[PDB]
Every structure is written in C-alpha cells, then in structure tokens.
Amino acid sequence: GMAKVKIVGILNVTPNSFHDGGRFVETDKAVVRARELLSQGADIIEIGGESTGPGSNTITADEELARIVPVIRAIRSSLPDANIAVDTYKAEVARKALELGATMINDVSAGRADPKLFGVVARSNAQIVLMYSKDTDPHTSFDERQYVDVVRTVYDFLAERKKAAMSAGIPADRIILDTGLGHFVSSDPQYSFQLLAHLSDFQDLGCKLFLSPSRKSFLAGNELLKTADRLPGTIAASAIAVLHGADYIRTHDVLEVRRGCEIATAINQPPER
C-alpha cells in the first residue's frame, strides 16, 4: 500500500506589538494553533519566526530565537509526541532548535546563507529541506524571472546543494528537496506550473520531495484571485503534487489539503490484486 503524504502544518510566530513584553500571550496562542493543526491531521508542526517571502523583514538571530524558543519549549512539553520542524537559515537558530528536539530544519537558502548550518544538522539526525530560490538572499523578491528551462536550472541547483550537504556530513536519506514555488522561482506563474508538471523528474536525485503551494502567487489564475480565493487552487496544486511524487505538503489549510491529497494518494494506489 502506498504511504500517505505527510502534511506539514505552518505555525508562524509573528509578535503582535513588536515592542518589549507581551510575548507570554503570543506563546499561549501559538500552542493553541499548534493543537488545532494536529487535530486537523498535520503530521509535522513547522515553527518559524522569520518570514522569507517578498516584502518580509530580516530579523536578527536573537530575535528569531526569542520568538520560537518559548514556542518549541511549550509544544514539546505538553505535546511531546509531535514532530517539530523549524523554518530557519541561521546555524545558531538551528542548533538551539535541534537541542530542544526539532526533527527537521527547513532552510530557504539551501545552506547558502549560513555556511555553518549544514554541519549543525550533520551533528544530529535531523532532516533538512533544501529549497530552490532564484535569489541568494533567503528573503525572496518580486521579480518576473525567466528561464530557458526552469526544470534543468532547479534540477542542477538541487543536485549541487545535495552534494554540498553530503560533503558536510548529511546522508542522502536525511536530505529533502524542494523545487520552490511562487516568487521563490519566479513572479511569472508559468514556471511554478512547469515544475509541478515535471516534479517526478526530480526523483532521480534520490531524495524525498517537499512542496508548499499554500495559496502562493501563482495560484491567482486568470481571475487574479487573491489569497482568500486560492483554497480550491491550493487543493488541486497540492493533490497533483502528491500524484507527481510529493512526499511532504506544507500548507495553512491542513484539514482541506490533507483530505484532497488523500484522494491523490488513493488514485496513485494500484488495486489490492
């Protein structure tokens, strides 16, 4: 029987008032959202303290740890079975995250931002998700980047990042590959669609596949739909991704995306003979 896709629930820690204090309130609400993520069917709770999309702000390592360290401590204290991923590109944030018990590190830079992040992951058993980004900056930008063949560019990029991660001590069975979607690839939505169509081409690299459509820009369509109207598109994009080899789906709509991806897994399942 074909195994299910693992749903990665998103849990971003963004302070209400970015002044001093009031973080105890923000930690309490983050545990509430994490419990609802689990109750909707999420297999992994991805805690991140720094947004990396276009228009996002760069935050220091001290501020990043100030946001996620209380959250990880609270979740692993009351929900010790829940597997936790941490969305970070700093080696210092990853080190403290792995000490607390995080089992996965999502690096939007694919180890490029902090040269010491690869080794910190290697000295553990944590898995790492290398995502393709059109920019060296982990904070992607609004740019209608064009490609002669986006599939070859992303394939060759992830191939050399996997080699760089293996040379740092991370085995291939602990490396997860993310072709990137939306603005990370291009503000031209055609290239996110082409990557979804040829997702199975990346399985030759021998690593589990990680994708996050999650109401991104490329799901706007001809109607120029905004975020509130992208749920049908993100269900279809995530389902077709699972049909084309995606092992992880990172989304904000855990309940609906899991139920849609469950249909894709059932379509991929041959009969019981």
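Throughout, we count residues from 1 along the sequence that is shown.
When the C-alpha B-factors of 49 to 57 and 242 to 250 are averaged, 49 to 57 comes out higher.
Higher mean CA B-factor, judged across 29 to 37 and 215 to 223 from the recorded values: 29 to 37.
Comparing C-alpha B-factors across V129, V121, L196, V185 in the deposited entry, the largest value falls on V121. Out of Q146, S78, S109, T179, the entry records its largest CA B-factor for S78.
In the PDB entry, a CA B factor belonging to the lowest third of its chain's modelled residues is recorded for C207.
When the CA B factors of the chain's modelled residues are split into thirds, the value for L231 lands in the lowest one. In this PDB entry, the Cα temperature factor of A66 sits in the top third of its chain's modelled residues, the highest group. Sort the modelled residues of the chain by CA B factor and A172 lands in the highest third. Remark: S200 belongs to the highest third of its chain, ranked by C-alpha B-factor as recorded.
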